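Here is the structure we will look at.
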Amino acid sequence: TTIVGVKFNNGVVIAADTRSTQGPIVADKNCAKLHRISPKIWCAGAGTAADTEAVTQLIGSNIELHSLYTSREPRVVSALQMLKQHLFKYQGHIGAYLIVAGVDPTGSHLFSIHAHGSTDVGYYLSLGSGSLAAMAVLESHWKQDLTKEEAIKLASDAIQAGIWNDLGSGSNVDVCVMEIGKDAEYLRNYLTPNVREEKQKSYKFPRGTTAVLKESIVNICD
Amino acid sequence: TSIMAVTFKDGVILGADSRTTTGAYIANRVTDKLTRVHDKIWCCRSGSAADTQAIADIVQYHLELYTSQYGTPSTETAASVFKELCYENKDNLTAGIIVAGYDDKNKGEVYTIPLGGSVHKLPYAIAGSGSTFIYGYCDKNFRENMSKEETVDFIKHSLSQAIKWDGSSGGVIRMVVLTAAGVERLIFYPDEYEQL
Amino acid sequence: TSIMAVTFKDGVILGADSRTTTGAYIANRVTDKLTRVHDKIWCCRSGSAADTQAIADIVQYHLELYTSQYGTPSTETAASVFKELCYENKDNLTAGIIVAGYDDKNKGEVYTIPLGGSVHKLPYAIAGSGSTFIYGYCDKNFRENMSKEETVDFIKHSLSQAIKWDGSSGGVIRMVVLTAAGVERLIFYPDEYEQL
Amino acid sequence: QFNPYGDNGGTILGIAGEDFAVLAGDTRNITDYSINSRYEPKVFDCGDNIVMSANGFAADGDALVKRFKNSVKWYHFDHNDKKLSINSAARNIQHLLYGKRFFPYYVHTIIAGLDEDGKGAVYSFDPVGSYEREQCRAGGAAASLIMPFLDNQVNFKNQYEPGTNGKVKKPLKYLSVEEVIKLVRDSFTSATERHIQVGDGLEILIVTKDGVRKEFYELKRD
Amino acid sequence: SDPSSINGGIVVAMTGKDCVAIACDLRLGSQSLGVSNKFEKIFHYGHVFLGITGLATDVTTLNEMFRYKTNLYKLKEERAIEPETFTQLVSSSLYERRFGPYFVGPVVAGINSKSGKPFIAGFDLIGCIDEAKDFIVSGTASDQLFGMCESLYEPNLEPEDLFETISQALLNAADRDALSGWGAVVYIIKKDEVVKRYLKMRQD
Amino acid sequence: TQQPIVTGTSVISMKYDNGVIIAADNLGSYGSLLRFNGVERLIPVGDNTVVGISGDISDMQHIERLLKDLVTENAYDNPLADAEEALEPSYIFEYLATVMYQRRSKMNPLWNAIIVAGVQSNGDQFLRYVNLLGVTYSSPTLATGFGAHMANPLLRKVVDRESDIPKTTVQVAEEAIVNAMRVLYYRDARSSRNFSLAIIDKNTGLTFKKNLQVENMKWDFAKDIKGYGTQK
Amino acid sequence: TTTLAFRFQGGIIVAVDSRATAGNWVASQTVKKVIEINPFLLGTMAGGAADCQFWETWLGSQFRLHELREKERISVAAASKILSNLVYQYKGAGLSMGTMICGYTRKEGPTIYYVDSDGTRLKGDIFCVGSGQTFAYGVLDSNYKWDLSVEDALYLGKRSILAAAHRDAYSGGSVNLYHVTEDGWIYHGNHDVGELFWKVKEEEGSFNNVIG
Amino acid sequence: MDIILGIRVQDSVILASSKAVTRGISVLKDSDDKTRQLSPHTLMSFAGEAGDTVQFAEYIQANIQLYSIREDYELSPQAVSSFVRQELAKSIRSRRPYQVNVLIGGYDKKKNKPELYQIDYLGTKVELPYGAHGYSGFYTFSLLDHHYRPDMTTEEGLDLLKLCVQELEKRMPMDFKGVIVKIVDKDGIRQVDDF
Amino acid sequence: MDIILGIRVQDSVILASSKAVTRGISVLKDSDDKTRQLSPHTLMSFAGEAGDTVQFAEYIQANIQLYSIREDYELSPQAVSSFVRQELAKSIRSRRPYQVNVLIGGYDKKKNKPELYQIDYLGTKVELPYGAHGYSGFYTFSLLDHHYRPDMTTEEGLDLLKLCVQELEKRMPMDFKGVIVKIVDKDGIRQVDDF
Ligand SMILES: *[C@@](C)(CO)[C@](*)(O)[C@H](Cc1ccccc1)NC(=O)[C@H](Cc1ccc(OC)cc1)NC(=O)[C@H](C)NC(=O)CN1CCOCC1
Ligand SMILES: *[C@@](C)(CO)[C@](*)(O)[C@H](Cc1ccccc1)NC(=O)[C@H](Cc1ccc(OC)cc1)NC(=O)[C@H](C)NC(=O)CN1CCOCC1
Ligand SMILES: *[C@@](C)(CO)[C@](*)(O)[C@H](Cc1ccccc1)NC(=O)[C@H](Cc1ccc(OC)cc1)NC(=O)[C@H](C)NC(=O)CN1CCOCC1
Ligand SMILES: *[C@@](C)(CO)[C@](*)(O)[C@H](Cc1ccccc1)NC(=O)[C@H](Cc1ccc(OC)cc1)NC(=O)[C@H](C)NC(=O)CN1CCOCC1
Ligand SMILES: [Mg+2]
Ligand SMILES: [Mg+2]
Ligand SMILES: [Mg+2]
Ligand SMILES: [Mg+2]
Ligand SMILES: [Mg+2]
């Protein structure tokens, strides 16, 4: 993975690539690393894939119950607190590296969490194997008082740096914009700069090519 | 890390760099290592970020609950709660914490808590990887009952050297001033302190 | 060990403590770590006593043979011979040597040779286990073209702090002054330097 | 402790026709999760209509190719400018590799060219010198992906004649240079999709009686 | 002593035009020793199909577990479980054993009875869902399968054509793996008919 | 079998329309201790080649002596030592590459990563890498250590392939290099602010710049960042 | 690998598989594991592949030098001992070779020698060598008689490799048959297991464990 | 422990199990019966770690006998094998697993069919025409692949079994002191005394 | 390799050596002769590491045969044993030692006495009335302590030897495929074909 988070004028934006690996093999060419904790609190995840998904769902579930209990919209710091205490308790064995962002009644927020349970605060952040390629772009082009369109550009550019230069990242760019006073817009496959070229040949086999020993109808009904 | 806390005439000042490392990579160059556990009781964190964070949060919780029942806790009390956590969980923790606070009776106080979980009350304390390089400097230059401006310079010059020699230290120099007047946050950028 | 060498207006001065340890036991409290490889080329020895001793003896032999054929060797030449031995046998040696000498053309010079066997020509150099504690102090206090009395104080104050914090350093502070005038040995006892 | 070996990734592929032979290889060079070069050729013309590639640890690969090129040079000096036949080259390479049996060249080697009857020839080696002539061989990181596809499309494995009740096999026939290049291009694009160490560019060296021709094609750079 | 490569085996799944296919080999061995040539790795609960590769004891255990769970589901819900829902159940159940996992590589396949949409999905041993439009692969010859599928596959294949593609993908991949092969089975799945074919392959 | 003691960090470089640029900071680290600050890690050979070295400094100094000796040996019985038979970048590289691979094969490596930048006699840009393993490669941009992870992504935005080289001027190319050096100072814990930069142009020749500093740094946003989560 | 060779009434049968492995990766299905040293000598290959290929080729060069120097074809005993003394010099270095030197001479008659990389050298009538040797032994031993015909002996050797090719995961591809007589070795063809298995299953009625 | 074989023929299941019990350089016993009757028409042979084998076999035996008394009914071989598999499947993730491999030979009275199940210590179950555990299989499987036919009689099965024992006695390194052979059919379980 | 025995009686030395050659789970040969004739009245049996055994035995054989030709004279068993011991004593401190244990049975023609020497791979020599190498000794020594008498005949020695082989076949874990027996006396060396 490559994941980023960027703060702007009236909110925060996060982005991610869509490659999943098992050793040197690409397991998923278009996986979703942007996770919804609550309607306006989203999470970008790097590390052990199942851990990032499981920990984000558990906290997301408890956040919903908390929101219903308190009759309030959930806060980012609550998600942050619950995530870090959970991760700390497991002493790093739950390998989730998360960028937590969102808008709530307090304002807009951007945090990162490490597997061992340490949290950071920042205006721009990057995690994952391609975080160095991304951070290089962020350090070069980030400035105070970014607009919405500028932040999306900067965030996607940082992900692209990971896509092209990091072998642990590739395929597409997912984005999620969380602006204050508006609905969060999840931009699935915001960029798709890795479309597979037309194949040279069709490998459609002549019918009957495969040798068969037996046939039978399978019963799926009661 | 390079961190320190220094008592002076009007109270106490905490100081710290802003570098967080994962190996030789700087994960955060603008870190805030000075953390509030009570209105006028703060601590400097060195060692494992996750461990010191989890401890500081528990202490903040304990002191908030202490305040609800028995009123404002002493700086010694805060240090005792830190010690209790660090000592009893010494096998699972990597945390070097300096506790600093301002009472009106006791004025400025500094307690240092190394890896083992022992407590040491001192006039001033230094800690973290970068502190090794400034033992000589700090011992020769520290004086009791300094002024605010003198103590700020002492910390600025000290951490400047610690940063200069320690690769695990850098960024900005954050400081927190604890006096009867209140709480004051200070920051100092490379362009200033590097050329001291 | 705590050792250092400092160039100044009239030449160069070498400095060292006198403690030799085998674990936490002090095998020799009056050690002479400043050793002559030529009339006005000396070195400070840190690391393995046996290794640095064997090296110094070989260098002394080489420079004596150099002198017989080509006259007085330069300080750079002496450092090169040390380097050659330290670099080529890096896998089997634990030797941190500071080379200091006085030419009439080049005046005072200091070369430091760390573990790897690299050479570094510097205005002044510090080395040994106790040197870590005085990087901050020495950087803030060193000035070029100091006088003899200023350089002696600089070394005395520096090694005093190194000794105070490093358990592997102690005893007396030995110094060797290298100038056009000649060679002067100085000694300073605990009762003086401890209370600086 | 010092580890004298490394893995520079990439993958190679050799196919033999009736009167020609191709040796293809991607131009990407890597260490761990970083890209070193997007165009670093590892398929070389060695003279006497022999093309060669040694894929794996590039330092050992370059050393081997360098030594073989030199072996061809001294063969001319010592034997009156006689042409080194592909079979003789193969045996020579075995001795080069086995010479370092107890401190091996970490490479999978493939050579291609024409045999003494003018027919296409591909030879392939293990790291310590065992070799075999074949119509078909993939080597390197993505060998496991490409090789079974070649078994199917070049040697028509598991393909039977339609309507013959899996009794008559699809007959073996030589492929045209146009058909072979189609398979090479599809093999590498497929490998690029699913293997992180494969991509950037494809360079093919074609060997006929007229000489050694080259062709280059872009591959995905993520 | 690597649980995922003691017994051996492979599973592959593909989508077509208004249809899905799932296939598996029949081998069960103990490292080099081939023991059984009848060990099927594809099961089904209603119209939802599940293939499982990896350690054979866990393959059997999980089948029995998901039969258990889908039976209780049907009794309480009064309807058959759908592929999208079953996929979530598999993920939950695997992640429940996070620090003592079943050493398996499951693959869900089936057609949603309400929408009619073809659906396939894959998992790692710990529950991470891998959804795909085109194909899913699993087992000791997964590398081989990836190479075959990525080249041979094209979208919107008819059931009869799709059968040829998936069969050739499995067969040629299995023949490059020592621990896979020894027979094969292919399921072709349409909206309301399912054909099961045993393939003739080399027996070494 | 070695372990590196005194070390130097990233060396970065790239090609432009008329030549090549290379840069490296002036630090000699001793583990986490930033021990030596006056270390020159760019070493010119003649007036047409610059060798940039990272890794062990004792081994770097050995390589300096080898290159110094190579110039002396090339001059012997060579009337065209400053003309047609001068040392080319390609000659200097191939020599080092041979040494590096021989030393790794004897299990006693020179613990370095090396980039040879220069311009050939026919005007062609030369830029190639070699390290302790004897691995070699060439690219429009090259970098060692942290530079590979952080500099290359930035330099590749300027020159992404071969066809981008004629389109890249020396002004644009140097600006990218200086920017990359700043990013490395932000993020590499064994880097320093002071650095050296070298340009080898086919027209203007070798320009060696010493005592450069990273500048125009963004630190102001740090004052707003309070705590790690819930601190106000 | 599975390789065998056995002595009988009509000379020597030699049979080998053709699979090469790199762990669980099938590296080849078409490898030649019999080397024809001379018209009267054969060598089988099992174990490390370069080791076998290199040293048994080297072996043929030594035997060519013997007949040039001595004006006489080398004996099977002397041939097998050159190899056993060679690998013994390398003992401990990690060579992996399971070999069978099979041939005919006037003084010896039909002879088989087992030689391995441990330095073990054994004369014998029956041997099976390789990862699937036990599977070959099972079929070969239970059907072996000295009085087998050339036709039956050829088939038993073929059938024994097939048995191992089936059960052993590190054996397969095809069967290479040889027959050694007083007139020299005779090649009896390459037999792909892809077709041979089903042909044998149908005609023999065996392999009832498999789904027909 | 070491050698246990199983062969399913037309009308019966035949189990052969070695008699040797060795510890160190001493054969302590040469007449050991490595089997337990679980029910009148179900027999289980076993091999593996010392102590574990018998302890596991008798534990299963007690459970099946308990079931029989409770329901006044005999469990099918398939049902017993599934119970055994689950117990081993539990065991493998225990603190100390049972290191026992088993063969279950049974005659299903409802189906009138013999059934042979091979289950290893991991809980890996397979129904087979012939089976073996340990190093035995490396010889017997290929042998049976050649000589086995599905429609064989019990007498033909015993000759087929003699062929296996002969091969093992010829090529196995250890002296396993022959085998105890038992037949499971419609009439129940009986032991062949002269083998 | 594994089992080699030796018994010295009144007028002869009898050596018994196992016929099995095993590697892995396969008995590769069951008719192996683990001995070499060093001279007409001296026989050496051997056991140990594969390859080393034969290589060492034949090396000694060549040296003794060379001595015989040079001097036209047969070395005494004592002299041969001392030569063998020294070679092994050199070997143990080599880069790669011979891991071979030997028994040397010989008839001294000058003394008219049989002699048995036991020498291990370290070069530890002892003259004995009866000897064994490997695990065999753990059974045979106590057996011979009881049944051996110094004045026995060759036939009595063979019966005493049969008693050892029977015990080993009963209690040893591995199948060693019987033994080849050879007798050394005043008339030289001969093999017993029916044992
Ligand atoms: C990039 C691709 C890392 O290379 C990302 O971090 C990515 C994050 C991600 C998040 C959500 C959904 C998909 C992907 N992570 C992976 O793709 C991850 C890489 C990884 C493998 C092993 C790890 O620990 C040793 C850590 C990270 N891949 C996986 O998690 C895959 C699907 N699963 C496995 O490889 C099996 N794991 C199970 C956990 O134990 C280790 C092996
Ligand atoms: C300086 C950098 C070095 O001691 C400081 O102590 C600094 C203190 C700090 C940092 C952030 C916030 C408050 C205070 N410590 C770190 O930056 C710390 C370095 C460290 C890591 C592990 C240690 O032993 C357990 C001790 C010190 N950095 C981290 O904790 C970072 C965020 N995480 C990692 O490096 C990953 N670790 C996790 C623990 O296990 C090893 C891998
Ligand atoms: C201070 C004490 C620590 O570095 C100095 O470097 C001092 C320098 C010195 C001492 C005497 C004369 C001239 C200079 N060094 C020592 O006192 C040295 C400590 C040391 C031991 C081993 C080392 O690594 C090889 C590095 C430093 N003391 C000794 O060498 C004493 C005499 N011997 C031992 O401690 C026995 N050693 C021998 C080497 O192997 C380990 C056990
Ligand atoms: C069957 C397949 C079991 O392997 C046979 O033994 C077969 C025999 C054979 C003979 C001639 C030509 C081809 C095949 N052996 C192999 O296929 C052999 C198995 C093997 C691998 C490694 C070994 O370690 C010493 C021993 C045996 N496979 C190979 O040799 C493969 C092709 N090559 C490598 O594994 C390369 N290795 C060899 C050892 O040195 C490091 C590189
Ligand atoms: Mg902890
Ligand atoms: Mg710093
Ligand atoms: Mg790719
Ligand atoms: Mg297969
Ligand atoms: Mg097989």
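Chains: A, B, ... in order of the structure tokens. Residues: from 1 per chain. Ligands: from 1, in order shown.
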
Exercise for review: Could you please extract the residues within 7 Å of ligand 6, counting only C-alpha atoms and all ligand atoms, and hand them back as a PyMOL selection string?
Suggested key: (chain B and resi 163-170) or (chain F and resi 189)

Please dump the current selection as a short mmCIF file (atom, residue, chain, number, x, y, z; two decimals), in the first residue's frame; keep C-alpha atoms.
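part_9.cif written:
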```
data_model
loop_
_atom_site.label_atom_id
_atom_site.label_comp_id
_atom_site.auth_asym_id
_atom_site.auth_seq_id
_atom_site.Cartn_x
_atom_site.Cartn_y
_atom_site.Cartn_z
CA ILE B 163 19.69 18.13 18.05
CA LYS B 164 22.99 18.96 16.31
CA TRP B 165 24.67 15.69 17.35
CA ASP B 166 21.74 13.27 17.68
CA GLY B 167 20.27 12.04 14.38
CA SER B 168 17.21 10.83 16.29
CA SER B 169 16.48 14.45 17.27
CA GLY B 170 15.50 17.46 15.17
CA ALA F 189 17.46 11.12 10.08
#
```

Test item: residues no farther than 9 Å from ligand 4, counting only C-alpha atoms and all ligand atoms, as a PDB file with C-alpha atoms, in the first residue's frame:
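File produced: out_27.pdb:
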```pdb
ATOM      1  CA  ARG D 101      28.944 -25.202  -8.292  1.00  0.00           C
ATOM      2  CA  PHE D 102      29.810 -24.447  -4.637  1.00  0.00           C
ATOM      3  CA  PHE D 103      29.314 -20.667  -4.911  1.00  0.00           C
ATOM      4  CA  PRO D 104      26.723 -20.451  -7.723  1.00  0.00           C
ATOM      5  CA  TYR D 106      22.176 -17.026  -8.994  1.00  0.00           C
ATOM      6  CA  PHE D 125      19.939 -23.782 -17.821  1.00  0.00           C
ATOM      7  CA  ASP D 126      19.574 -24.071 -14.059  1.00  0.00           C
ATOM      8  CA  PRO D 127      21.901 -21.983 -11.831  1.00  0.00           C
ATOM      9  CA  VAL D 128      24.612 -24.684 -11.619  1.00  0.00           C
ATOM     10  CA  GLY D 129      24.739 -25.785 -15.279  1.00  0.00           C
ATOM     11  CA  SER D 130      22.135 -28.470 -16.060  1.00  0.00           C
ATOM     12  CA  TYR D 131      20.694 -27.764 -19.516  1.00  0.00           C
ATOM     13  CA  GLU D 132      18.146 -28.974 -22.059  1.00  0.00           C
TER      14      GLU D 132
ATOM     15  CA  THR G   1      13.168 -39.075 -10.083  1.00  0.00           C
ATOM     16  CA  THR G   2      12.382 -42.745 -10.337  1.00  0.00           C
ATOM     17  CA  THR G   3      14.975 -44.898 -12.144  1.00  0.00           C
ATOM     18  CA  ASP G  17      11.101 -41.194 -15.848  1.00  0.00           C
ATOM     19  CA  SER G  18      11.625 -37.716 -17.372  1.00  0.00           C
ATOM     20  CA  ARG G  19      10.545 -35.205 -14.694  1.00  0.00           C
ATOM     21  CA  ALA G  20      12.727 -32.423 -13.267  1.00  0.00           C
ATOM     22  CA  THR G  21      11.703 -30.528 -10.118  1.00  0.00           C
ATOM     23  CA  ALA G  22      12.579 -27.325  -8.277  1.00  0.00           C
ATOM     24  CA  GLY G  23      10.663 -27.880  -5.052  1.00  0.00           C
ATOM     25  CA  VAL G  26       7.653 -28.909 -12.218  1.00  0.00           C
ATOM     26  CA  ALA G  27      10.747 -27.687 -14.081  1.00  0.00           C
ATOM     27  CA  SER G  28      10.541 -30.124 -17.007  1.00  0.00           C
ATOM     28  CA  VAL G  31      14.440 -34.607 -19.505  1.00  0.00           C
ATOM     29  CA  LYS G  32      16.827 -37.367 -20.624  1.00  0.00           C
ATOM     30  CA  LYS G  33      17.883 -39.341 -17.524  1.00  0.00           C
ATOM     31  CA  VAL G  34      19.748 -42.061 -19.429  1.00  0.00           C
ATOM     32  CA  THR G  44      21.105 -43.553 -15.149  1.00  0.00           C
ATOM     33  CA  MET G  45      20.659 -40.183 -13.430  1.00  0.00           C
ATOM     34  CA  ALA G  46      18.934 -39.416 -10.124  1.00  0.00           C
ATOM     35  CA  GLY G  47      19.423 -36.592  -7.629  1.00  0.00           C
ATOM     36  CA  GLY G  48      20.931 -33.202  -8.438  1.00  0.00           C
ATOM     37  CA  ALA G  49      20.610 -32.577 -12.148  1.00  0.00           C
ATOM     38  CA  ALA G  50      23.752 -30.626 -13.024  1.00  0.00           C
ATOM     39  CA  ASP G  51      25.732 -33.022 -10.796  1.00  0.00           C
ATOM     40  CA  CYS G  52      24.423 -36.038 -12.724  1.00  0.00           C
ATOM     41  CA  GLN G  53      24.576 -34.427 -16.174  1.00  0.00           C
ATOM     42  CA  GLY G  94      27.128 -31.657  -1.001  1.00  0.00           C
ATOM     43  CA  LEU G  95      26.984 -33.502  -4.330  1.00  0.00           C
ATOM     44  CA  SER G  96      23.688 -35.327  -4.888  1.00  0.00           C
ATOM     45  CA  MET G  97      23.905 -38.302  -7.257  1.00  0.00           C
ATOM     46  CA  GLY G  98      22.031 -41.608  -7.344  1.00  0.00           C
ATOM     47  CA  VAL G 129      16.900 -45.235  -7.323  1.00  0.00           C
ATOM     48  CA  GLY G 130      15.252 -41.858  -6.715  1.00  0.00           C
ATOM     49  CA  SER G 131      12.402 -40.186  -4.817  1.00  0.00           C
ATOM     50  CA  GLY G 132       9.962 -42.762  -6.221  1.00  0.00           C
ATOM     51  CA  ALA G 169       4.619 -36.343  -6.851  1.00  0.00           C
ATOM     52  CA  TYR G 170       8.268 -35.799  -7.878  1.00  0.00           C
ATOM     53  CA  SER G 171       8.201 -38.329 -10.752  1.00  0.00           C
ATOM     54  CA  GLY G 172       6.452 -38.393 -14.138  1.00  0.00           C
TER      55      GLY G 172
END
```

Exercise for review: Within 10 Å of segment 21-23 of chain D, counting only C-alpha atoms, which residues show up once you throw out same-chain ones fewer than 6 positions away? Write them as a PyMOL selection string, please.
Suggested key: chain D and resi 12-15+43-44+50-53+110-114+119-122+135-138+177+180-181+184+203-208+212-214

**Study point:** Protein and nucleic acid residues within 9 Å of ligand 1 (only C-alpha atoms and all ligand atoms) as number ranges by chain
**Key:** A: 1-3, 17-23, 26-28, 30-35, 44-53, 94-97, 127-130, 167-170; E: 98, 123-130

Practice item. May I have the residues of chain E within 12 Å of chain G, counting only C-alpha atoms, written as a ChimeraX atom specification? Key: /E:5-9,26-39,140-144,172-185,198-204

Keeping C-alpha atoms for every residue in the selection just given, could you write it to a file as a PDB file, in the first residue's frame?
```pdb
ATOM      1  CA  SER E   5       1.439 -27.218   1.084  1.00  0.00           C
ATOM      2  CA  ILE E   6       1.193 -30.583   2.897  1.00  0.00           C
ATOM      3  CA  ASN E   7      -1.893 -31.963   1.104  1.00  0.00           C
ATOM      4  CA  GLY E   8      -1.857 -29.834  -2.059  1.00  0.00           C
ATOM      5  CA  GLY E   9      -4.691 -28.769  -4.360  1.00  0.00           C
ATOM      6  CA  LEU E  26      -8.935 -34.086  -7.029  1.00  0.00           C
ATOM      7  CA  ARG E  27      -5.537 -34.777  -5.422  1.00  0.00           C
ATOM      8  CA  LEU E  28      -4.950 -35.323  -1.733  1.00  0.00           C
ATOM      9  CA  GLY E  29      -1.431 -36.304  -0.713  1.00  0.00           C
ATOM     10  CA  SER E  30       0.983 -36.306   2.189  1.00  0.00           C
ATOM     11  CA  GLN E  31       3.868 -34.282   0.742  1.00  0.00           C
ATOM     12  CA  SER E  32       5.391 -36.523  -2.000  1.00  0.00           C
ATOM     13  CA  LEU E  33       3.006 -39.455  -1.398  1.00  0.00           C
ATOM     14  CA  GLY E  34      -0.245 -39.234  -3.365  1.00  0.00           C
ATOM     15  CA  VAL E  35      -2.982 -40.758  -1.191  1.00  0.00           C
ATOM     16  CA  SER E  36      -6.412 -40.021  -2.703  1.00  0.00           C
ATOM     17  CA  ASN E  37      -7.599 -39.167  -6.225  1.00  0.00           C
ATOM     18  CA  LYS E  38     -11.242 -38.574  -5.235  1.00  0.00           C
ATOM     19  CA  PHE E  39     -10.841 -35.635  -2.819  1.00  0.00           C
ATOM     20  CA  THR E 140      -0.501 -24.579  -4.495  1.00  0.00           C
ATOM     21  CA  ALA E 141      -0.507 -23.679  -8.207  1.00  0.00           C
ATOM     22  CA  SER E 142      -2.009 -20.204  -7.723  1.00  0.00           C
ATOM     23  CA  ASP E 143       0.883 -18.532  -9.585  1.00  0.00           C
ATOM     24  CA  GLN E 144       0.296 -20.892 -12.505  1.00  0.00           C
ATOM     25  CA  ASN E 172      -2.216 -26.560 -17.727  1.00  0.00           C
ATOM     26  CA  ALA E 173      -1.634 -24.919 -14.326  1.00  0.00           C
ATOM     27  CA  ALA E 174      -1.946 -28.255 -12.487  1.00  0.00           C
ATOM     28  CA  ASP E 175       0.568 -29.934 -14.823  1.00  0.00           C
ATOM     29  CA  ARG E 176       3.260 -27.447 -13.715  1.00  0.00           C
ATOM     30  CA  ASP E 177       2.647 -28.221 -10.011  1.00  0.00           C
ATOM     31  CA  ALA E 178       3.785 -31.404  -8.243  1.00  0.00           C
ATOM     32  CA  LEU E 179       1.132 -31.262  -5.492  1.00  0.00           C
ATOM     33  CA  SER E 180      -1.858 -30.545  -7.786  1.00  0.00           C
ATOM     34  CA  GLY E 181      -3.716 -32.600 -10.409  1.00  0.00           C
ATOM     35  CA  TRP E 182      -4.680 -36.300 -10.302  1.00  0.00           C
ATOM     36  CA  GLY E 183      -8.102 -35.509 -11.815  1.00  0.00           C
ATOM     37  CA  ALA E 184     -10.357 -32.460 -12.031  1.00  0.00           C
ATOM     38  CA  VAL E 185     -13.983 -31.314 -11.731  1.00  0.00           C
ATOM     39  CA  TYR E 198     -15.127 -34.458 -14.686  1.00  0.00           C
ATOM     40  CA  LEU E 199     -12.078 -33.693 -16.848  1.00  0.00           C
ATOM     41  CA  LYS E 200      -9.607 -36.152 -18.359  1.00  0.00           C
ATOM     42  CA  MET E 201      -6.091 -35.064 -17.368  1.00  0.00           C
ATOM     43  CA  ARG E 202      -2.633 -36.630 -17.068  1.00  0.00           C
ATOM     44  CA  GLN E 203      -2.269 -38.775 -13.935  1.00  0.00           C
ATOM     45  CA  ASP E 204       1.267 -37.918 -12.769  1.00  0.00           C
TER      46      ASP E 204
END
```

Practice item. Name the residues in contact with residue 198 of chain D at a cut-off of 8 Å, using only C-alpha atoms, excluding same-chain residues fewer than 4 positions from it; report them as a PyMOL selection string. Key: chain D and resi 9-11+26+28+141-142+188+191-192

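The list of chain A residues within 7 Å of chain F is residues 77, 119, 120, 121, 122, 132, 133, 136, 137, 139, 161 and 165 of chain A; this uses only C-alpha atoms.
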
**Study point:** Contacts of residue 152 of chain E at 10 Å (only C-alpha atoms; same-chain gap of 5+ positions) as a PyMOL selection string
**Key:** (chain A and resi 201-205) or (chain D and resi 149+153+186+190) or (chain E and resi 147+165-166+168-169)

Same residues, C-alpha atoms, output as a short mmCIF file (atom, residue, chain, number, x, y, z; two decimals), in the first residue's frame:
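That gives us result-v4.cif:
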```
data_model
loop_
_atom_site.label_atom_id
_atom_site.label_comp_id
_atom_site.auth_asym_id
_atom_site.auth_seq_id
_atom_site.Cartn_x
_atom_site.Cartn_y
_atom_site.Cartn_z
CA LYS A 201 -5.09 -12.52 -29.77
CA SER A 202 -8.36 -14.12 -28.64
CA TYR A 203 -7.74 -17.40 -26.80
CA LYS A 204 -11.35 -18.56 -27.20
CA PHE A 205 -11.00 -22.33 -27.72
CA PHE D 149 0.55 -20.67 -20.84
CA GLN D 153 -0.28 -22.29 -26.75
CA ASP D 186 0.36 -11.39 -24.37
CA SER D 190 -0.38 -10.97 -18.41
CA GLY E 147 -0.85 -16.71 -15.52
CA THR E 165 -11.44 -21.59 -20.90
CA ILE E 166 -11.66 -22.51 -17.20
CA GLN E 168 -7.69 -25.28 -19.89
CA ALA E 169 -6.71 -22.78 -17.18
#
```
